[PDB]
Amino acid sequence: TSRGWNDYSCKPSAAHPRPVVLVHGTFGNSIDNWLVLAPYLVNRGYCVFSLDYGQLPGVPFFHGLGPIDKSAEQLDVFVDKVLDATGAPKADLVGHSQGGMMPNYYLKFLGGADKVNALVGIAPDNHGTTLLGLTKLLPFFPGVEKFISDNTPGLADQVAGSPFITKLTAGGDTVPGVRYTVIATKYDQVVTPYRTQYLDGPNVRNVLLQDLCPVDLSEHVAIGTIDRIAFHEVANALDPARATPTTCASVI
Ligand SMILES: [Zn+2]
Ligand SMILES: [Zn+2]
Ligand SMILES: [Zn+2]
Ligand SMILES: [Zn+2]
């Protein structure tokens with residue numbers, strides 16, 4: 001097999017020689033965040049893999065809740081396991097929200113630079129957010145509310161000015177060797193101002209969703225779960241040689 005989703009017998013083809021690792025957001029998991037994007041990439045011939053991270057005992061389905069440094073270590077082990085199995089030298093990473101930000105910890109402090117070619121962030125909180133902003137996720141994930149507080153570490157670590165965010169962004173945003181893409185939406189209600197999602201460096205491409213389609217009004221959750229315009233742009237970043245401009249026509 002040269003395509004699949006969590007199929008560890010998958011072997012990346014010559015057209016798509018790097019396997020893709022998908023990294024969910026806050027309150028997400030390896031399956032539900034990626035019900036549209038994973039098949040979408042499988043149909044374009046990628047070997048796709050998705051991990052669970054930040055699990056809290058007694059809270060199935062809703063992850064990204066444990067300490068984000070520990071989450072980055074889970075990502076570390078998971079990428080090694082995907083590379084050990086596929087044979088490939090490097091993986092490409094796609095992440096939504098927390099999952100677009102957390103891999104920068106792996107890249108910067110756990111030697112992920114070696115093992116990663118590209119990091120694509122969809123609505124990533126790259127310089128953190130507020131607890132108030134994170135509460136705007138709750139209507140999409142009701143039932144998680146009773147198991148969390150302001151001290152839930154996966155939430156507190158995302159707060160702009162936290163010890164975690166301070167450590168992560170003390171130096172520059174990027175690490176040499178890696179191609180970074182950020183896809184943001186101006187209607188983001190969770191991570192504001194939305195420009196703080198953007199990365200800075202020589203090898204960064206920041207993209208505003210509404211530049212691609214002016215009438216795509218996706219907010220924070222939609223952009224990383226169901227938005228095919230966003231996902232077309234993800235497919236461009238994963239294979240820049242065969243990229244084609246993303247317009248409203250990608251909505252199907
Ligand atoms: Zn499910
Ligand atoms: Zn899970
Ligand atoms: Zn390692
Ligand atoms: Zn920065």
Side-chain angles (χ1 to χ4, degrees), residues 22-34 50-78 93-110 119 121-171 173 182-199 218-226:
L22 304 185
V23 187
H24 63 73
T26 305
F27 314 133
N29 61 62
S30 66
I31 303 314
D32 292 329
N33 208 317
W34 307 123
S50 64
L51 88 168
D52 260 6
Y53 76 79
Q55 301 101 310
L56 219 58
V59 189
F61 304 115
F62 312 112
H63 315 316
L65 300 183
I68 305 189
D69 55 348
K70 303 298 181 174
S71 290
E73 177 49 35
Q74 294 174 279
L75 174 63
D76 192 354
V77 167
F78 189 86
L93 269 53
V94 183
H96 182 201
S97 189
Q98 185 181 339
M101 173 270 279
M102 171 273 269
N104 298 114
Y105 196 96
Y106 161 68
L107 293 178
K108 285 175 175 178
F109 305 116
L110 308 178
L119 175 54
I122 313 178
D125 59 335
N126 277 310
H127 312 87
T129 181
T130 66
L131 288 171
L132 181 63
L134 294 165
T135 66
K136 303 210 194 304
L137 295 164
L138 295 179
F140 294 90
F141 305 97
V144 88
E145 190 172 335
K146 67 210 172 218
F147 310 117
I148 57 100
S149 64
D150 299 355
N151 303 299
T152 304
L155 310 184
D157 283 354
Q158 297 180 254
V159 173
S162 75
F164 180 79
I165 292 300
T166 303
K167 174 163 174 171
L168 183 62
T169 64
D173 293 356
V182 177
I183 306 160
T185 171
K186 83 200 294 175
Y187 306 104
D188 203 306
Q189 80 283 34
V190 172
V191 180
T192 58
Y194 77 87
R195 286 192 160 85
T196 60
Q197 302 173 25
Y198 293 155
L199 291 165
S218 284
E219 52 56 74
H220 185 81
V221 175
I223 193 179
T225 49
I226 61 165

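FYI, the numbering just counts along the sequence from 1. Scope of the values below: all heavy atoms of this structure, side chains included, with no hydrogens, waters or symmetry mates.
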side-chain hydrogen bond (donor to acceptor under 3.5 Å, both in side chains) with [X]: which residues, sequence neighbours excluded?
{"X": "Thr152", "answer": "none"}
{"X": "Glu219", "answer": "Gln189"}
{"X": "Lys70", "answer": "none"}
{"X": "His24", "answer": "none"}

Which atom of [X] lies closest to which atom of [Y], heavy atoms considered:
{"X": "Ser71", "Y": "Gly66", "answer": "OG-O, 4.2 Å"}
{"X": "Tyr53", "Y": "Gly99", "answer": "OH-N, 3.3 Å"}
{"X": "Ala184", "Y": "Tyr198", "answer": "CB-CE2, 3.9 Å"}

Ignoring hydrogens and angles, write down the donor-acceptor pairs under 3.5 Å from the side chains of residues 130-139, residues two or more places apart or on other chains.
{"from": "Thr130", "atom 1": "OG1", "to": "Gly133", "atom 2": "N", "distance (Å)": "2.9"}
{"from": "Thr135", "atom 1": "OG1", "to": "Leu132", "atom 2": "O", "distance (Å)": "2.4"}

How long is the straight-line distance from [atom2] of [Y] back to [atom1] of [X], given to the nearest 0.5 Å?
{"X": "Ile68", "Y": "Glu73", "atom1": "CD1", "atom2": "CD", "result": "15.0 Å"}
{"X": "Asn33", "Y": "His96", "atom1": "CG", "atom2": "NE2", "result": "6.0 Å"}
{"X": "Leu56", "Y": "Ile148", "atom1": "CG", "atom2": "CD1", "result": "10.5 Å"}
{"X": "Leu22", "Y": "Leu93", "atom1": "CG", "atom2": "CG", "result": "8.5 Å"}
{"X": "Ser97", "Y": "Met102", "atom1": "OG", "atom2": "CE", "result": "11.5 Å"}

Within the distance-only criterion (no hydrogens, no angle test), does the side chain of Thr26 pair as donor or acceptor with the backbone N or O of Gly154 below 3.5 angstrom?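 Between the backbone of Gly154 and the side chain of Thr26 there is no qualifying donor-acceptor contact (under 3.5 Å).
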Looking only at atom types and distance, does a side-chain atom of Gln158 sit under 3.5 Å from a main-chain N or O of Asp125, one as donor and one as acceptor?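 Such a contact is absent between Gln158 side chain and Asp125 backbone.
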How about [X] and [Y]: do any of their side-chain heavy atoms sit closer than 4.5 Å?
{"X": "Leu51", "Y": "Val23", "answer": "yes"}
{"X": "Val182", "Y": "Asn126", "answer": "yes"}
{"X": "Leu199", "Y": "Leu119", "answer": "no"}

For residues 124-155, which residue pairs qualify under ring pair (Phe, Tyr, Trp, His ring centres under 6.0 Å), counting only residues two or more places apart or in two chains?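 Every ring pair (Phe, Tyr, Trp, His ring centres under 6.0 Å) pair that includes a residue of residues 124-155, provided the two are not neighbours, is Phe27-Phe141.
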Which residue pairs pass the side chain to side chain donor-acceptor pair (under 3.5 Å) test with at least one member in residues 100-109, sequence neighbours excluded?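 Every pair satisfying side chain to side chain donor-acceptor pair (under 3.5 Å) with a residue in residues 100-109: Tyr105-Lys167.
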Can you pull the side chain to side chain donor-acceptor pair (under 3.5 Å) pairs that have at least one residue in residues 58-67, sequence neighbours excluded?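 For residues 58-67: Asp52-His63.
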Mind checking what makes side chain to side chain contact (heavy atoms under 4.5 Å, CB included) contact with [X], not counting sequence neighbours?
{"X": "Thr185", "result": "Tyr187, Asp188, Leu209, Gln210, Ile223"}
{"X": "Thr192", "result": "none"}
{"X": "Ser162", "result": "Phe164, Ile165"}

